[PDB]
Amino acid sequence: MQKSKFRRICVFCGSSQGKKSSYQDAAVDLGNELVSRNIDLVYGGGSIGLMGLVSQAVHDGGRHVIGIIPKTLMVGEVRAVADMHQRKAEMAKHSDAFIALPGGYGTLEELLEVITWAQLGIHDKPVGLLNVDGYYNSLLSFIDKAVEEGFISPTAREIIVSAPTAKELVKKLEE
Amino acid sequence: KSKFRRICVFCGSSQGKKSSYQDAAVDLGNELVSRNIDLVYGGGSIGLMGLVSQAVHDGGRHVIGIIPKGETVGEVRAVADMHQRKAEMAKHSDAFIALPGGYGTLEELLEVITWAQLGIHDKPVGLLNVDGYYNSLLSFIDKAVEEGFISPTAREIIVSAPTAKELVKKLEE
Ligand SMILES: [Mg+2]
């Protein structure tokens, strides 16, 4: 009955699978959730870890997947671009919102960049965390500390949309 | 003598609510000066960024502020966008320190960490963890390690200490 306001969502996520099967479930559920909403996927190009799970899910479901990789390291369209900065820029340019699954330093750096850009008014695209089994709880508490100490405004804290499942998170992103 | 010619300091463009964070910014500024280290920073004169760069300049060391596109002390470098800015800050620096800050400080810190993890540089990366300000962030990285997303080896990229003196001491390594 309602049309999603997103054509494409950019998903940042671990190149590792993680220790808990809940992580892998969440990556598949996110893929299936995008498919159910007629949203295509933009991602950083893995076939391994959670990156491989969300992309394969979206592909299997019949939607299009765009993976964007630096031209050095070599389902769906593969785009190889000059460098890591051009990769992030292209991922951002072609997406209408951003979702982070659990992941390591790389996922976190990508997520913090798009949040900062929203804070600076560079873009207005929704940014959400798929907070499976409280993976991001200490990150969220760190942001609370930053709000309490006056380094982040209560409004800028609200840039991060968070939910424990894909269905809930995508609902919150539509707004 | 320091092994570092320049340290890049990431820090809040806000001054924060606690006097301890502002005194840490000054103390770090004075630490760099005392060890003959020059400063690279994100530019401007506001927040902790203003406090560290003023202390370094006033102490007679060189300051380079790298900005995209208040006033910047020392040498000002204006670059095309925020990607070039972070690239330039990393290229021209020998170690990195994050004071307390918000999203911008975190964004910059995490990219430096990722680049070290990817083998792009091996410059020391330090957190000036004033009054446990970064405790929750460190708990998150530990969770990431426990759940298999960051190796115990890559967790060691992050050096932490509660004061400027102790931190620069650990970075010298
Ligand atoms: Mg090293």
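Because only heavy atoms are used, hydrogens play no part in the values below, and waters and symmetry mates are left out as well, while side chains stay in. Naming: A, B, ... by sequence-line order, numbering from 1 per chain.
- Applying the 6.0 Å contact sphere to CD of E173(B) captures more than 12 heavy atoms from other residues, nucleotides or ligands.
- Separating the CG atom in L112(A) from the OG1 atom in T114(B) is a distance of 9.5 Å, to the nearest 0.5 Å.
- Scanning all heavy atoms of the two residues, the minimum distance from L118(B) to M84(A) falls at CD1-CE, 3.6 Å.
- A 4.5 Å side-chain heavy-atom check between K143(B) and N137(A) finds every atom pair outside the cut-off.
- By the neighbour-count criterion of 12 heavy atoms within 6.0 Å, atom NZ of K3(B) is densely surrounded, having more than that number from other residues, nucleotides or ligands.
- Salt-bridge check for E111(B) with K88(A): passed, with a basic side-chain N closer than 4.0 Å to an acidic carboxylate O.
- Hydrophobic cluster membership is shared by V65(A) and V28(A), with clusters built from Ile, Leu, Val, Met, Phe, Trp and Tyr side chains linked at under 4.5 angstrom.
- With a 4.5 angstrom heavy-atom cutoff, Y21(B) touches chain A only via side-chain atoms.
- Heavy atoms from other residues, nucleotides or ligands lying under 6.0 Å from NZ of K5(A) number more than 12.
- At least one donor-acceptor pair under 3.5 Å links the side chain of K19(A) to the backbone N or O of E146(B).
- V58(A) and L173(A) fall within the same hydrophobic cluster, where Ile, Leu, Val, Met, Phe, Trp and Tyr residues are linked whenever their side-chain heavy atoms come under 4.5 Å apart, directly or through other members.
- With chain A as partner, the option from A87(B), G101(B), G12(B), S151(B) having the largest number of non-hydrogen pairs under 4.5 angstrom is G101(B).
- Minimum interatomic distance between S14(B) and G150(A) (heavy atoms only, all atoms of both residues): OG-O, 2.9 Å.
- Side-chain heavy atoms closer than 4.5 Å link hydrophobic residues (I, L, V, M, F, W, Y) into clusters, and following such links, even through other members, never connects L39(B) to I67(B).
- By the rule that hydrophobic residues join a cluster once side-chain heavy atoms approach within less than 4.5 Å of another member, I64(B) and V79(B) end up as members of one cluster.
- Looking only at heavy-atom pairs under 4.5 Å with chain B, the residue among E149(A), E109(A), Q86(A) that has the most is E149(A).
- Both the backbone and the side chain of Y136(A) come within contact range of chain B, each with at least one heavy atom under 4.5 Å from a heavy atom of that chain.
- Across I143(A), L139(A), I122(A), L50(A), the residue that shares the most heavy-atom pairs under 4.5 angstrom with chain B is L139(A).
- In this structure, the ring of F142(A) has its center no less than 6.0 angstrom from the ring center of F140(B).
- From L108(A), atom CG reaches atom CG of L106(B) across 6.0 Å, with rounding to the nearest 0.5 Å.
- Ring to ring, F149(B) and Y105(A) are not that close: their centroids are 6.0 angstrom or more apart.
- Residue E108(B) does not touch chain A at all, counting heavy-atom pairs closer than 4.5 Å.
- Counting non-hydrogen atoms of neighbouring residues, nucleotides and ligands closer than 6.0 angstrom, the NZ atom of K123(B) exceeds 12 such neighbours.
- Tracing side-chain contacts under 4.5 Å through hydrophobic residues (I, L, V, M, F, W, Y), one never reaches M91(A) starting from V75(A); they form parts of separate clusters.
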